[PDB]
């Protein structure tokens, strides 16, 4: 099942364009100390498109070393080639990852059957737990709820889905249909500002961007819900809304890296084609961070 609650989609810090593991380790310790229940390394938020294979090995191994088996480490490993995706999955397995996060193939817009065949191929060839990641605004393809349910029903190794389609109809149906196919199938929000409603739909938490900066608050949002305090969960959601929105005024992780820098955790460096946040975004983040008690 991997986890319930908050899994942080952690940034990949750079300094002088190189991996900055000393800043990374400070960030991992902040997550651990604030009750986060998983780390997702090398997702979109960690600039997976621009981190090379040798760097991935170093980052994955170092994350496993710091965490000491306390929470699972889930490694982004999806590409738009089924063959190449398996290769990345087998690399994460060999490094000792606890699962992989595998985005639907981006850019080549596979059919629903193609998506099924992609995950099947991978599932039949690894012992690792696999999390489907649906994010149509980035990939150009949406996993239909029925397709996710078919994957749940058939592929024992696929243990859950990160649902980043923001449509509440999609969220409602993904949760309902997958859990009907397999009661233990996990459904985590892929959007911080949908976590509350995804919990209400009956899902399992969030694979979060906001938790990079506000881990305790995102943890509290889920924890209050799980404890039966719907209205207190909703209040956390409402208090976090400005931060949730600010972190996406430019493409993630541009804002979250500027935020982590303001907070003193990392240098504000990204790799091309990503570039640092505009002054307007930084100014907004500074204000919102201050208002939220994070600065």
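Positions refer to the first chain, counted from 1.
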### Query
Averaging C-alpha B-factors over each stretch, which comes out higher, 88-96 or 113-121?
88-96
### Ranked C-alpha temperature factor of residue 61 among modelled chain residues, by third
middle
## Note on the structure
residue 276: C-alpha B-factor third of its chain, per the entry, is the middle
### Task
Rank-wise, by C-alpha B-factor, drop residue 284 into the lowest, middle or highest third of its chain.
highest
### Summary
residue 150: CA B-factor among chain residues, third -> lowest
### Message
Is residue 215 in the lowest, middle or highest third of its chain when residues are ranked by C-alpha B-factor?
### Response
middle
